[PDB]
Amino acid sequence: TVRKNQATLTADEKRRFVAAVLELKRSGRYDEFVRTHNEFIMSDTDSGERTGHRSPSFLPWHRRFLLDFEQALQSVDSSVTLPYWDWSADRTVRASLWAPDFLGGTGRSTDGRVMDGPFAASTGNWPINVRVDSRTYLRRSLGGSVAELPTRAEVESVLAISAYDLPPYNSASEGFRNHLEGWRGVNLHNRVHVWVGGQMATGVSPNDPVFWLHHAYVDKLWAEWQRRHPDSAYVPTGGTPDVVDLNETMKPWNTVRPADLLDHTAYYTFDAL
């Protein structure tokens, strides 16, 4: 029940994590996570209903989505937990994260195809089924579309924002959530997706296993922000059209509300917070 920095995983943990992910893929369960994500990415709009992204619920929604995935992994191997990727620290193509024994590296320049690691198309173990770009192999272009990953300094500026979110509660909002998501400011979360490239830069981003590690760290940053701002909390708190208020339930689960996810310790703890 402890989420660890990917850079600290043991050979066995990396092996077990990879095997569990591959089994969810084989059984067909994995693709459904990709499909669900793409559905919300496609429906969440700044002028209307928005639940998964560009809205205050971006954080609690992804927290629950990751819990769903982690629980699926644990149903295969109960010792497995979602590790997190601190992109402010491990910012190069040489991070152990991109080694052949973990996620594999960047894609070749010709077609962006990943050629090593357990998720390379050549293994016959990672078909890209849920897709828009008709190609069926995992693709990446680390640092191709955007020069640099967020720095610790930039992350710090965002963690310093006191307000969780602010009206109009969308991509135009000032405040922590939108600055963390990246639609405004130095850009943290959005920039990481762009930096990885390939499927990670699309609506079907969960096709790349790194998606979970990326969001596991974004999730950790929310928990850190809470520690710095004990006097701030989730908003809005009631009667906001098209936005998930604190005590309102969230789709697709319908049985959980942001209020039920604010405290991560009810589900897991971090190696270090």
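Start at 1 with the first residue shown and count on from there.
Of the two stretches examined, 75-83 and 189-197, the record assigns the greater average C-alpha temperature factor to 75-83. For the pair 212-220 and 48-56, the mean B factor over Cα atoms is greater in 48-56. In the PDB entry, the Cα temperature factor peaks, among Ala120, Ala147, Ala99, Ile128, at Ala147. In this structure the maximum Cα B-factor among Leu180, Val114, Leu103, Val132 is found at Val132. For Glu13, the recorded CA B-factor ranks within the middle third of the chain. Only modelled residues enter the ranking. Ranked by Cα temperature factor within the chain, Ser205 sits in the lowest third according to the deposited record.
When all modelled residues of the chain are sorted by CA temperature factor, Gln6 is found within the lowest third. When the modelled residues of the chain are ordered by their C-alpha B factor, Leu142 lands in the middle third.
Annotation for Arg228: CA B-factor lies in the highest third of the chain's modelled residues.
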